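Asks: This structure is in structure tokens; I'll ask about it shortly.
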There are 2 protein chains.
Amino acid sequence: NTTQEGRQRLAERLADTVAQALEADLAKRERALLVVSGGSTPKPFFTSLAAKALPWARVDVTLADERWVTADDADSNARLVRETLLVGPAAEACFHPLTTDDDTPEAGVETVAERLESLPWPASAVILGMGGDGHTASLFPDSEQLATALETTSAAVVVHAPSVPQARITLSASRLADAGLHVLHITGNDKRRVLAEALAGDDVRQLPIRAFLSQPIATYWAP
Amino acid sequence: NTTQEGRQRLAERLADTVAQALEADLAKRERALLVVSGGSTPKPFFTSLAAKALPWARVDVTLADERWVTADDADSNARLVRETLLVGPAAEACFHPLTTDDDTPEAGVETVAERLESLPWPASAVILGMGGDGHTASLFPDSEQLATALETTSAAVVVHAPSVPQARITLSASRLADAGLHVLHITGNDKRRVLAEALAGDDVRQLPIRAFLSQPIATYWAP
Ligand code: NA
Ligand code: NA
């Protein structure tokens with residue numbers, strides 16, 4: 001596809017940007033931090049970034065959000081990252097999952113927050129996605145936990161929403177904001193339309209991606 | 001300013017992206033091509049990019065558009081680029097102006113188009129700006145030459161518009177599209193609002209930046 005070529009090329013340019021963001025941090029600090037998002041859109045970005053000759057041993061990688069499922073579950077964000085990003089040179093990166101062996105996120109969240117606080121914040125880069133409903137990470141407009149996620153200084157927050165089929169853990173808005181580079185990576189026309197509506201207003205509860213659109217951000221979009 | 005810091009940091013990340021885009025091209029081709037825009041917004045991006053250790057001798061630099069004024073005129077885009085981008089390592093780049101010594105752009109445009117056609121298209125990167133009226137390059141919604149600029153295969157087109165005080169030369173939309181990376185670099189709330197409206201519709205004549213929003217593009221914005 002000319003569509004597929006455009007998305008591939010966009011992802012390669014994004015991988016350049018992120019690799020350089022990491023190198024710039026690694027020139028000043030012992031360790032650097034990369035926060036990524038799941039879904040299908042990041043795949044070519046992960047593959048391109050994974051192949052970069054970078055001091056990956058000094059890079060910590062974690063997720064913007066996660067589903068409360070095992071690491072080998074089809075719906076696991078960690079699985080996608082392991083299979084796509086942590087290969088070749090990037091296999092030397094240290095990945096930090098957002099789960100524990102507790103059967104509920106409520107039981108595991110303190111342990112996860114504790115683990116996140118130990119990483120080298122501010123992140124060199126935070127790579128976000130956006131859903132058709134304007135959500136980002138696991139900040140959902142229909143979640144009763146959204147207000148807490150948008151306001152707390154805690155690193156991670158448990159999230160439930162009628163519109164998603166499993167329980168979630170999200171990094172808080174405050175935590176996700178603590179980065180030198182933010183990227184929103186989205187493709188397709190519907191997401192262009194929703195982003196337009198997001199940019200046009202300021203009510204974060206309505207379209208949570210707005211929490212990041214009022215601060216410096218690079219949006220990478222392709223048809 | 002925290003505002004100024006945000007814009008500076010955004011520009012540094014953009015400079016990384018553009019430098020890597022150029023290096024990627026230079027790994028495959030003898031010469032690379034960078035197309036930049038004028039105005040105040042690009043300044044910190046030019047300064048950051050200028051300092052990069054890159055094979056600048058193999059890079060051709062030109063403009064997205066230009067005012068029909070001398071190279072030392074306060075309103076010259078070429079002057080801004082020379083004073084800000086073409087310094088230090090980047091002083092070895094070969095700059096290609098969009099003017100001639102003819103007293104009208106109508107008389108000079110063939111010569112300028114001829115000069116542009118000799119450059120290493122597709123560009124490694126095209127860096128665009130956007131005005132409060134939704135214009136980009138010198139593609140103005142109130143110009144009687146807009147339709148020609150949007151449709152012609154000619155490299156450059158003469159442009160007049162009641163809303164700007166001097167005659168212009170713009171690269172055509174077709175020419176500006178011929179690049180592996182497009183960036184829209186904008187700052188401030190008014191431009192966020194106009195971009196939102198641009199993204200929400202498809203009428204290019206109304207908001208000419210729309211000509212580039214339907215293809216892969218990275219938007220770099222800061223408050
Ligand atoms: Na649910
Ligand atoms: Na005029």
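Please note that chains go A, B, ... in the order of the structure tokens, that every chain numbers its residues from 1, and that ligands are numbered from 1 in the order shown.
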What residues of the protein or nucleic acid chains come within 10 Å of ligand 2 when you use only C-alpha atoms and all ligand atoms? Reply as a PyMOL selection string.
Replies: chain B and resi 142-143+159-168
Asks: For the helix (DSSP H, G or I) assignment from backbone DSSP, which residues of chain A qualify? Please present them as a PyMOL selection string.
Replies: chain A and resi 2-26+43-50+56-58+77-84+88-92+105-117+146-151+173-177+189-200+210-213
Asks: When you get a sec, could you note down which chain A residues fall within 10 Å of chain B, using only C-alpha atoms, as JSON, numbers by chain?
Replies: {"A": [3, 6, 7, 9, 10, 12, 13, 14, 15, 16, 17, 18, 19, 20, 21, 24, 180, 181, 182, 183, 184, 185, 187, 188, 189, 192, 193, 194, 195, 196, 197, 198, 199, 200, 201, 213, 214, 215, 216, 217, 218, 219, 220, 221, 222, 223]}
Asks: Suppose we keep N, CA and C atoms; can you now write the selection as a short mmCIF file (atom, residue, chain, number, x, y, z; two decimals), in the first residue's frame?
Replies:
```cif
data_model
loop_
_atom_site.label_atom_id
_atom_site.label_comp_id
_atom_site.auth_asym_id
_atom_site.auth_seq_id
_atom_site.Cartn_x
_atom_site.Cartn_y
_atom_site.Cartn_z
N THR A 3 -0.54 3.65 1.35
CA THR A 3 -0.93 3.90 2.75
C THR A 3 0.09 3.26 3.69
N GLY A 6 3.48 5.08 3.59
CA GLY A 6 3.43 6.34 4.33
C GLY A 6 3.57 6.14 5.83
N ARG A 7 2.90 5.11 6.35
CA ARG A 7 2.96 4.81 7.76
C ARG A 7 4.34 4.30 8.18
N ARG A 9 7.28 4.97 6.62
CA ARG A 9 8.20 6.10 6.54
C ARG A 9 8.03 7.04 7.74
N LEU A 10 6.78 7.34 8.09
CA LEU A 10 6.50 8.15 9.28
C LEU A 10 7.11 7.53 10.55
N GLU A 12 9.67 5.48 10.77
CA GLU A 12 11.13 5.54 10.70
C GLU A 12 11.62 6.92 11.16
N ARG A 13 10.91 7.97 10.76
CA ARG A 13 11.28 9.33 11.17
C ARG A 13 11.06 9.46 12.67
N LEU A 14 9.97 8.89 13.17
CA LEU A 14 9.67 8.92 14.61
C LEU A 14 10.74 8.17 15.40
N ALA A 15 11.14 6.99 14.91
CA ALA A 15 12.20 6.22 15.54
C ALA A 15 13.50 7.05 15.64
N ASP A 16 13.82 7.82 14.59
CA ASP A 16 15.00 8.71 14.62
C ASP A 16 14.88 9.71 15.77
N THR A 17 13.73 10.35 15.85
CA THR A 17 13.49 11.37 16.84
C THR A 17 13.66 10.82 18.26
N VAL A 18 13.07 9.65 18.50
CA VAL A 18 13.12 9.03 19.82
C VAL A 18 14.55 8.56 20.16
N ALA A 19 15.23 7.95 19.20
CA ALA A 19 16.60 7.53 19.44
C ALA A 19 17.50 8.73 19.80
N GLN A 20 17.33 9.84 19.09
CA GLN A 20 18.12 11.04 19.38
C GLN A 20 17.76 11.64 20.75
N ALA A 21 16.47 11.61 21.10
CA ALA A 21 16.02 12.09 22.42
C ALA A 21 16.73 11.29 23.51
N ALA A 24 20.53 12.14 23.65
CA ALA A 24 20.74 13.47 24.24
C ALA A 24 20.70 13.36 25.75
N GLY A 180 10.71 15.13 28.57
CA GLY A 180 11.28 16.21 27.74
C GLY A 180 10.73 16.22 26.31
N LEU A 181 10.10 15.12 25.91
CA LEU A 181 9.46 14.98 24.59
C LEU A 181 8.19 14.16 24.71
N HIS A 182 7.09 14.70 24.18
CA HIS A 182 5.86 13.97 24.04
C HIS A 182 5.52 13.83 22.56
N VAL A 183 5.12 12.63 22.20
CA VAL A 183 4.69 12.32 20.86
C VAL A 183 3.30 11.71 20.90
N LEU A 184 2.42 12.16 20.01
CA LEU A 184 1.17 11.49 19.78
C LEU A 184 1.30 10.85 18.41
N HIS A 185 1.23 9.52 18.36
CA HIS A 185 1.39 8.76 17.10
C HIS A 185 0.05 8.12 16.75
N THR A 187 -2.78 7.19 13.20
CA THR A 187 -2.97 7.11 11.77
C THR A 187 -4.46 6.94 11.44
N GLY A 188 -4.82 7.28 10.21
CA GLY A 188 -6.18 7.16 9.72
C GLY A 188 -6.99 8.43 9.86
N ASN A 189 -8.02 8.54 9.04
CA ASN A 189 -8.87 9.73 9.01
C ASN A 189 -9.72 9.94 10.25
N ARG A 192 -7.68 11.61 12.78
CA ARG A 192 -7.45 13.02 12.40
C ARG A 192 -8.65 13.89 12.82
N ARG A 193 -9.85 13.37 12.60
CA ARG A 193 -11.11 14.08 12.94
C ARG A 193 -11.25 14.27 14.45
N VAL A 194 -10.97 13.21 15.21
CA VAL A 194 -11.07 13.29 16.68
C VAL A 194 -9.99 14.23 17.25
N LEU A 195 -8.79 14.16 16.72
CA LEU A 195 -7.72 15.07 17.15
C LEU A 195 -8.14 16.52 16.89
N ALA A 196 -8.78 16.78 15.74
CA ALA A 196 -9.26 18.12 15.41
C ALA A 196 -10.21 18.62 16.49
N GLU A 197 -11.17 17.77 16.87
CA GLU A 197 -12.10 18.13 17.92
C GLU A 197 -11.39 18.32 19.26
N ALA A 198 -10.44 17.46 19.57
CA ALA A 198 -9.65 17.59 20.81
C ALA A 198 -8.94 18.96 20.85
N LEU A 199 -8.20 19.29 19.78
CA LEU A 199 -7.45 20.57 19.66
C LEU A 199 -8.34 21.80 19.77
N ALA A 200 -9.58 21.67 19.31
CA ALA A 200 -10.54 22.78 19.28
C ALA A 200 -11.14 23.15 20.64
N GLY A 201 -10.98 22.29 21.65
CA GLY A 201 -11.56 22.52 22.98
C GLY A 201 -10.55 22.37 24.11
N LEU A 213 -2.23 18.03 24.96
CA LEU A 213 -2.27 18.98 23.83
C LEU A 213 -2.07 20.44 24.22
N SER A 214 -2.05 20.75 25.53
CA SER A 214 -1.79 22.09 26.01
C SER A 214 -0.31 22.28 26.43
N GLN A 215 0.52 21.26 26.19
CA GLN A 215 1.96 21.34 26.46
C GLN A 215 2.71 20.99 25.17
N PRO A 216 4.02 21.26 25.12
CA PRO A 216 4.70 20.94 23.85
C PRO A 216 4.51 19.50 23.47
N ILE A 217 4.20 19.27 22.20
CA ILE A 217 3.96 17.94 21.71
C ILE A 217 4.19 17.87 20.21
N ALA A 218 4.72 16.71 19.76
CA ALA A 218 4.89 16.43 18.34
C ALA A 218 3.89 15.35 17.94
N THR A 219 2.97 15.71 17.06
CA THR A 219 2.00 14.75 16.56
C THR A 219 2.51 14.17 15.24
N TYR A 220 2.66 12.84 15.20
CA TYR A 220 3.05 12.12 13.99
C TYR A 220 1.82 11.40 13.44
N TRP A 221 1.29 11.88 12.31
CA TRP A 221 0.11 11.31 11.69
C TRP A 221 0.38 10.91 10.25
N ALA A 222 -0.30 9.85 9.81
CA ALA A 222 -0.31 9.45 8.42
C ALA A 222 -1.70 8.91 8.07
N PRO A 223 -2.08 9.03 6.80
CA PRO A 223 -3.30 8.38 6.31
C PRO A 223 -3.28 6.89 6.64
#
```
Asks: Using the chain letters and numbers from this document, which residues of region 105-135 of chain A does DSSP assign to strand (DSSP E), as an NGL selection string?
Replies: :A and (125-128)
Asks: Applying 10 Å and only C-alpha atoms, which residues near residue 98 (chain B) remain after dropping the ones on its own chain fewer than 2 positions away? List them as a list in words.
Replies: residues 62, 63, 64, 65, 66, 67, 68, 71, 77, 78, 95, 96, 100, 105, 108, 109, 111, 112, 113, 115, 116, 156, 168, 169, 170 and 171 of chain B
Asks: Excluding same-chain residues fewer than 6 positions from residue 72 (chain B), what lies within 12 Å of it counting only C-alpha atoms, as a PyMOL selection string?
Replies: chain B and resi 78-83
Asks: Looking at A:39, A:97, A:46, A:138, which one is nearest to ligand 1, with distances taken over only C-alpha atoms and all ligand atoms?
Replies: A:138
Asks: At what distance in Å, to one decimal, does CA of residue 128 (chain B) lie from CA of residue 43 (chain B)?
Replies: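 Value for the CA of residue 43 (chain B)-CA of residue 128 (chain B) distance: 13.0 Å.
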